[PDB]
Amino acid sequence: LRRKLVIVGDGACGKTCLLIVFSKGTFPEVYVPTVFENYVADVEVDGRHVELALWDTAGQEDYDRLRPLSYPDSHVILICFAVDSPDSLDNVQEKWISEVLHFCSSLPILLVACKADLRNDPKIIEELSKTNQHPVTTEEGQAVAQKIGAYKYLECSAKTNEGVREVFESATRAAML
Amino acid sequence: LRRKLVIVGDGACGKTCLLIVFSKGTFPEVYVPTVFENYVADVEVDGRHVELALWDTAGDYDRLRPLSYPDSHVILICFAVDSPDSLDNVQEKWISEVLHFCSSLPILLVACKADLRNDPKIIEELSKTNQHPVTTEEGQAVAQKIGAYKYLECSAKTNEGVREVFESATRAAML
Ligand SMILES: Nc1nc2c(ncn2[C@@H]2O[C@H](COP(=O)(O)OP(=O)(O)O)[C@@H](O)[C@H]2O)c(=O)[nH]1
Ligand SMILES: Nc1nc2c(ncn2[C@@H]2O[C@H](COP(=O)(O)OP(=O)(O)O)[C@@H](O)[C@H]2O)c(=O)[nH]1
Ligand SMILES: [Mg+2]
Ligand SMILES: [Mg+2]
């Protein structure tokens, strides 16, 4: 009953905080590690209990260089972007998919919109306005998930604790095959 | 944008009515065929419309049924809540067959006729053979022994859970 998850995506898109809120239940306000230490989550699906190992990744000198070594013996990949950063969504299609297809190909991919709480925030809307950009819409997000062939598209906010459980329960359902 | 689903399970467990209610929108009371005509449903997932081909099966049917398995993406193994025997056959008959012919595919275990779980006449009939309607726990346990992708319960008669069954199968079929 054991499975492995790897989470990847642009720096600062919210990967580590998402794992921490799911695992520990509280958003980390001051200290955030670069990568969440490996942890085994208990996830209940259809009455069954599976242990899900959470493998966080980064792009910081050596963490970037070592990241391909996380994919072996994986069962599900989370590709993340931040709703307040359309640039991080462009890299989902540009950089991250190319990596997963190079290293994994046959694993299910969940596409995860992180920081969903920033979607309607005026300060972000004004900043993105300057380049004629907007926070990512569910439409655009679901559209990129299809383009990259993902298993599911999900949105979440670590900060408000919205949608976090659904990400990991879904990812676990995909991992069980 | 196309996927194929095959539905299997004991005769009269509710396979054909489930497809008709999902496809056509009305529970079939006048005419019910042994197997529904092959039909392609539109199912929306994550904003995407996918065409889901529905392949009904029966038991000159116990022998021709394997010709439905090629090119499937998802299998529904069905039983009826008012028939624990049909749940017993999931493992004794149906799981070995789908793995013999398909092996690669996600499997959903689907409790059908869920509207009968609390029907008094049903409960008394099963009492006479020391049985009771299948519980959620009893179904989930078989879904576990079967390594199934999902366990779902539904009632075609009343429509509870029907949409969710086919939306889940489509999500599974995209693997
Ligand atoms: N508004 C908002 N900010 C977030 C959320 N999750 C993370 N952040 C912030 O994004 C920054 C980077 O987050 P982090 O988890 O370290 O991103 P990572 O590099 O992918 O691990 C930090 O300042 C977090 O406080 C969220 O759900 N909402
Ligand atoms: N109570 C109840 N009866 C049902 C339901 N679905 C089918 N039936 C009945 O089960 C019998 C056989 O149904 P059918 O769809 O032909 O089962 P199949 O042999 O698996 O194709 C018929 O009398 C149906 O009306 C349901 O959801 N609830
Ligand atoms: Mg990080
Ligand atoms: Mg029939």
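- Structure determination for this PDB entry was carried out by X-ray crystallography, with a resolution of 2.7800 Å recorded in the header.

1. Let's talk about the site of ligand 2
All names here are of chain B.
Logical step 1: As a matter of local geometry, ligand 2 sits amid 16 residues, with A12, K15, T16, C17 and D115 nearest to it.
Logical step 2: Between ligand 2 and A12 there is a distance of 2.6 Å, counted from an oxygen atom to a backbone nitrogen or oxygen.
Logical step 3: The separation between an oxygen atom of ligand 2 and a polar main-chain atom of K157 is 3.1 Å.
Logical step 4: In isolation ligand 2 offers 580 Å² of accessible surface; the protein chains occlude 77% of this area.

2. A few points about the sheet that holds strand β5 (residues 107-112) of chain B
Residue and element names in this part refer to chain B.
Logical step 1: Taken in spatial order, the 6 strands of this open sheet run β2-β3-β1-β4-β5-β6, and their pairing is mixed. Each having just a single partner strand, β2 (39-45) and β6 (150-153) make up the two edges of the open sheet. On average, each strand axis in the sheet is tilted by 30° relative to the strand beside it, whichever way the strands run.
Logical step 2: Note: β5 against β6, 4 bridges, orientation parallel. By the bridge assignment for β6, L108 is matched with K150.
Logical step 3: Packing against the sheet, helix α1 (residues 15-24) makes contact with β1 (2-9), β2, β3 (48-55), β4 (74-80) and β5, and its axis sits at approximately 150° to β1.
Logical step 4: Where helix α4 (residues 136-145) meets the sheet, it contacts β5 and β6, and its direction lies at approximately 150° from that of β6.

3. Concerning the site of ligand 1
All names here are of chain A.
Logical step 1: Close to ligand 1 lie 16 residues; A12, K15, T16, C17 and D117 are nearest.
Logical step 2: Measuring from an oxygen atom of ligand 1, one finds a side-chain N or O atom of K15 at 2.5 Å.
Logical step 3: A distance of 3.0 Å separates an oxygen atom of ligand 1 from a polar backbone atom of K159.
Logical step 4: When ligand 1 sits alone it has 580 Å² of accessible area, and the protein chains cover 78% of it.
Logical step 5: Here the shell around ligand 1 is composed, by residue class, of 7 nonpolar, 4 polar and 5 charged.

4. With respect to the interface of chain A and chain B
Logical step 1: The interface of chain A with chain B comprises 15 residues on the first partner and 15 residues on the second.
Logical step 2: Each partner contributes to the roughly 1,300 Å² buried at the junction of chain A and chain B, and carbon and sulfur atoms together form 53% of this total.
Logical step 3: The largest contributions to the chain A side of the interface with chain B come from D46, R48 and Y151 of chain A, which together make up 43% of the buried area.
Logical step 4: Along the contact surface separating chain A from chain B lie 0 salt bridges.
Logical step 5: The interface formed by chain A and chain B holds 7 residue pairs in polar contact in total.
Logical step 6: At the level of elements, α5 (138-147) and β6 (152-155) of chain A are the ones that each hand at least two residues to the side of chain A that touches chain B.
Logical step 7: Per-element accounting of the side of chain A that touches chain B gives the leading share, 3 residues, to α5 of chain A.
Logical step 8: In terms of residue class, the side of chain A that touches chain B is built from 8 nonpolar, 3 polar and 4 charged.

5. Regarding the sheet that holds β6 of chain A
Residues and elements named next belong to chain A.
Logical step 1: The 6 strands are arranged β2-β3-β1-β4-β5-β6 in an open sheet whose pairing can be described as mixed. Two strands in the sheet have a free side with no partner beyond their single neighbour: β2 (39-45) and β6. Strand after strand, the sheet turns through a mean of 30° between neighbouring axes, direction not considered.
Logical step 2: As paired strands, strand β5 (residues 109-114) and β6 are joined by 4 bridges and run parallel to one another. From the neighbouring strand, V112 faces β6, where its bridge partner is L154.
Logical step 3: Running at roughly 150° to β6, α5 makes contact with β5 and β6 of the sheet.

6. Comments concerning the coordination of the magnesium ion (ligand 3)
Residue and element names in this part refer to chain A.
Logical step 1: Looking at the metal site, the magnesium ion (ligand 3) is ligated by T16 (OG1) and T34 (O), spaced 2.5 to 2.7 Å from it. One end of the pair, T16, is in helix α1 (residues 15-24); the other, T34, is in the loop between α1 and β2, and 18 residues separate them in sequence.
Logical step 2: Judged by relative accessible area, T34 falls into the partly exposed class, the value being 45%.

7. Digging into the packing of α1 of chain B against helix α5 (residues 162-173) of chain B
Residues and elements named next belong to chain B.
Logical step 1: Between α1 and α5, whose axes approach to 10 Å, the crossing angle comes to 90°. As far as their axial angle goes, α5 and α1 are roughly perpendicular. Judged by residue contacts, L18, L19, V21 and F22 of α1 engage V162, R163 and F166 from α5.
Logical step 2: Looking at the contact of α1 with α5 residue by residue, the classes come out as 6 nonpolar, no polar and 1 charged.

The rules behind these values
Residues numbered from 1 in each chain as written, not as in the entry; some residues may be left out. Chains lettered and ligands numbered in written order. Heavy atoms only, no water. Residues with missing side-chain atoms left out of burial classes, pairs and counts. Near = heavy atom within 4 Å. Polar contact = N/O pair within 3.5 Å; in protein donor to acceptor, adjacent residues only side chain to side chain. Areas by Shrake-Rupley, 256 points an atom, 1.4 Å probe, with all protein chains shown as cover. Pairing = 2+ DSSP bridges. Helix = DSSP H or I, 4+ residues; strand = E, 2+ residues; numbered from the N terminus. Axes fitted to C-alpha atoms, helices over the stretch in contact; angles between N-to-C directions. Contact = heavy atoms within 4.5 Å. Nonpolar A, V, L, I, M, F, W, Y, C, P; charged D, E, K, R; others polar. Buried area = accessible area lost by both parts, 1.4 Å probe. Salt bridge = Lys/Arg side-chain N within 4 Å of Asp/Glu carboxyl O. Donors = N, O, S within 2.8 Å, 3.2 Å for Na, K, Ca; no water. Buried < 20%, exposed > 50% of the residue type's maximum accessible area, 1.4 Å probe, protein only. Parallel < 35°, antiparallel > 145°, perpendicular 65-115°, else oblique.

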